[PDB]
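Chemist: Handing you this structure, nothing more for now.
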Number of protein chains: 6
Amino acid sequence: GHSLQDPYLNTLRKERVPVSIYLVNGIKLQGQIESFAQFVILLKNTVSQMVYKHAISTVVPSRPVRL
Amino acid sequence: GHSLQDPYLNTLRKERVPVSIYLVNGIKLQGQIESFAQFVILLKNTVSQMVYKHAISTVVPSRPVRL
Amino acid sequence: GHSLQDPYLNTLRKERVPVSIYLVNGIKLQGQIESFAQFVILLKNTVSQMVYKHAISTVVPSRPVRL
Amino acid sequence: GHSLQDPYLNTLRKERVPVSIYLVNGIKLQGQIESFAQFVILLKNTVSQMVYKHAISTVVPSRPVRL
Amino acid sequence: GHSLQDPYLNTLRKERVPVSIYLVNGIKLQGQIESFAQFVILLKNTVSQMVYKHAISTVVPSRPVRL
Amino acid sequence: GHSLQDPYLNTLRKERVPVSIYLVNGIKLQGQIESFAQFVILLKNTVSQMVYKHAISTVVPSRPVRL
Ligand SMILES: [Mg+2]
């Protein structure tokens, strides 16, 4: 219950909001959240890549989003 | 029970205290805690970004805060 | 239940899709997913090496794949 | 049960022993353990900052301490 | 159940296969898997050292191995 | 059950074997295992410091040890 991560990612996915996912190695990825589960997020643009959440620092939308 | 993280973050959120969140990659973020849950914190200023706690080193308020 | 990681990796394995596995240390590996379990993925080419998921940032297929 | 971390940190807190907390990013912090819980330690000096244990390498007291 | 890590490491141990264990800090170790458990692997050559799995990126055998 | 980490560390502690603990940040520590629990090891020499296991890569004894 009392989850914030699910509502957040689900909004970004539903509204097709472009995001930057900054990784713990300094790599910045860019795409749309196509899908997400317990341990991974699927980020689309050219191909859909599987990002491990443990590797993510911050999810930054290109636009403000509201829950 | 016996939690310290929840009371701490909830105070920073309630009192809108400006914080620095230092990440494990040396990146320093700055904003207000808008919201927080089990695995993430939502830090606001320009847009509300989702920070993974596993990526956080230290939360540093701009002012002393008391529990 | 509601898993996305298993369907994703199983597709890449079944269709023998070439992938890049980017590690949290900046190392890029390349091979085919031969096998995967709870904590590891087995990536084949010259020899089959065991990659720990906690060390993985992103799995990137050489081709789009559909679930 | 059979805990060593709690007795250790509680001693440092009770005796107000100055410590260095070395982080996994090479950052050295310095303060007094004001408080600690399951996932975080609160280190005081100028303001009380919340340090995530997953970000900590070693806790080093300025003086020997005994359990 | 459905484990792949145990069968893999147990084969390398049984057949005394020389391996490279690449760590998340870029350090490459070399030895034989003497033993392994839930959280650690014991790698032998000059002395038997205890490697934490959370620190391991990939296990790479010097020869192909089959399960 | 079927633990290898406990027997290993307990031997090093009992026999006062000098060890190098290599950390995931490249820092090499040196001391004697004074004590250990679920998440930490206490390494003695000048003062007894608390090392978090999640920060440890490998434990390397100065001498071979047998279980
Ligand atoms: Mg690092």
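Identifiers in this document derive from the order of the structure tokens: chains are assigned A, B, ..., residues are numbered from 1 separately in each chain, and ligands are numbered from 1 in order of occurrence.
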What residues in chain A get the DSSP label helix (DSSP H, G or I)? Please answer as a compact mmCIF listing (two decimals) with N, CA, C and O atoms, in the first residue's frame.
Modeler:
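Final file, result26.txt:
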# COMPACT_ATOMS: atom_id res chain seq x y z
N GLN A 5 5.83 5.43 -5.90
CA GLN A 5 6.56 5.05 -7.10
C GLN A 5 5.65 4.56 -8.24
O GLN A 5 5.86 4.91 -9.41
N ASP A 6 4.66 3.74 -7.90
CA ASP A 6 3.72 3.22 -8.89
C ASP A 6 2.88 4.32 -9.49
O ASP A 6 2.84 4.45 -10.70
N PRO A 7 2.20 5.12 -8.65
CA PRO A 7 1.46 6.23 -9.24
C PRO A 7 2.33 7.14 -10.12
O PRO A 7 1.87 7.55 -11.19
N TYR A 8 3.55 7.43 -9.70
CA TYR A 8 4.44 8.31 -10.46
C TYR A 8 4.77 7.74 -11.84
O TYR A 8 4.55 8.39 -12.86
N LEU A 9 5.31 6.54 -11.86
CA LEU A 9 5.71 5.91 -13.11
C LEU A 9 4.52 5.65 -14.04
O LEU A 9 4.65 5.72 -15.25
N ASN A 10 3.37 5.33 -13.46
CA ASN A 10 2.17 5.03 -14.24
C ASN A 10 1.61 6.26 -14.97
O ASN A 10 1.04 6.15 -16.06
N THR A 11 1.78 7.41 -14.35
CA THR A 11 1.41 8.69 -14.93
C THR A 11 2.31 9.04 -16.12
O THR A 11 1.82 9.37 -17.20
N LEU A 12 3.61 8.92 -15.90
CA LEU A 12 4.60 9.14 -16.95
C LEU A 12 4.38 8.23 -18.14
O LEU A 12 4.56 8.64 -19.29
N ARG A 13 4.01 6.98 -17.85
CA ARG A 13 3.69 6.01 -18.89
C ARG A 13 2.40 6.39 -19.64
O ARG A 13 2.37 6.46 -20.88
N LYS A 14 1.33 6.65 -18.88
CA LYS A 14 0.03 6.98 -19.47
C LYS A 14 0.06 8.24 -20.32
O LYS A 14 -0.54 8.29 -21.39
N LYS A 53 16.11 -0.89 -11.69
CA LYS A 53 15.87 0.20 -10.76
C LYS A 53 17.04 0.41 -9.81
O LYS A 53 17.32 1.54 -9.41
N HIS A 54 17.74 -0.66 -9.44
CA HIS A 54 18.86 -0.53 -8.52
C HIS A 54 19.97 0.31 -9.14
O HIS A 54 20.80 0.85 -8.44
N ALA A 55 19.93 0.44 -10.47
CA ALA A 55 20.91 1.25 -11.20
C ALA A 55 20.45 2.69 -11.41
O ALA A 55 21.21 3.54 -11.88
Chemist: For segment 25-40 of chain D, work out the shell of residues within 10 Å, counting only C-alpha atoms and skipping chain neighbours fewer than 6 positions away, then give it as a ChimeraX atom specification.
Modeler: /B:1-5,23-26,57-58 /D:6,9-19,46-62 /F:24-27
Chemist: Taking the DSSP assignment computed from this structure's backbone, write out as number ranges by chain all residues of segment 15-52 of chain A that belong to strand (DSSP E or B).
Modeler: A: 18-23, 28-36, 40-44, 49-52
Chemist: Residues of the last selection are to be written out with C-alpha atoms, as a PDB file, in the first residue's frame.
Modeler:
ATOM      1  CA  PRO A  18       9.460  12.155 -22.079  1.00  0.00           C
ATOM      2  CA  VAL A  19      11.853  11.477 -19.172  1.00  0.00           C
ATOM      3  CA  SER A  20      15.565  11.498 -18.362  1.00  0.00           C
ATOM      4  CA  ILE A  21      16.670   8.530 -16.289  1.00  0.00           C
ATOM      5  CA  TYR A  22      19.973   9.338 -14.649  1.00  0.00           C
ATOM      6  CA  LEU A  23      21.988   6.271 -13.746  1.00  0.00           C
ATOM      7  CA  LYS A  28      21.798   9.779 -18.700  1.00  0.00           C
ATOM      8  CA  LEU A  29      19.194   7.874 -20.638  1.00  0.00           C
ATOM      9  CA  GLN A  30      16.244   9.417 -22.434  1.00  0.00           C
ATOM     10  CA  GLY A  31      12.949   7.872 -23.543  1.00  0.00           C
ATOM     11  CA  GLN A  32       9.351   7.109 -22.572  1.00  0.00           C
ATOM     12  CA  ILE A  33       8.354   4.743 -19.839  1.00  0.00           C
ATOM     13  CA  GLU A  34       6.737   1.969 -21.787  1.00  0.00           C
ATOM     14  CA  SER A  35       6.289  -0.317 -18.827  1.00  0.00           C
ATOM     15  CA  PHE A  36       7.509  -1.009 -15.296  1.00  0.00           C
ATOM     16  CA  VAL A  40      12.799  -2.942 -13.773  1.00  0.00           C
ATOM     17  CA  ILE A  41      11.532  -0.160 -15.983  1.00  0.00           C
ATOM     18  CA  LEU A  42      11.168  -0.517 -19.757  1.00  0.00           C
ATOM     19  CA  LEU A  43      12.250   2.682 -21.519  1.00  0.00           C
ATOM     20  CA  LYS A  44      11.319   3.054 -25.177  1.00  0.00           C
ATOM     21  CA  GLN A  49      15.549  -1.307 -23.131  1.00  0.00           C
ATOM     22  CA  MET A  50      15.274  -2.821 -19.680  1.00  0.00           C
ATOM     23  CA  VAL A  51      16.629  -0.622 -16.929  1.00  0.00           C
ATOM     24  CA  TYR A  52      17.249  -2.048 -13.480  1.00  0.00           C
TER      25      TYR A  52
END
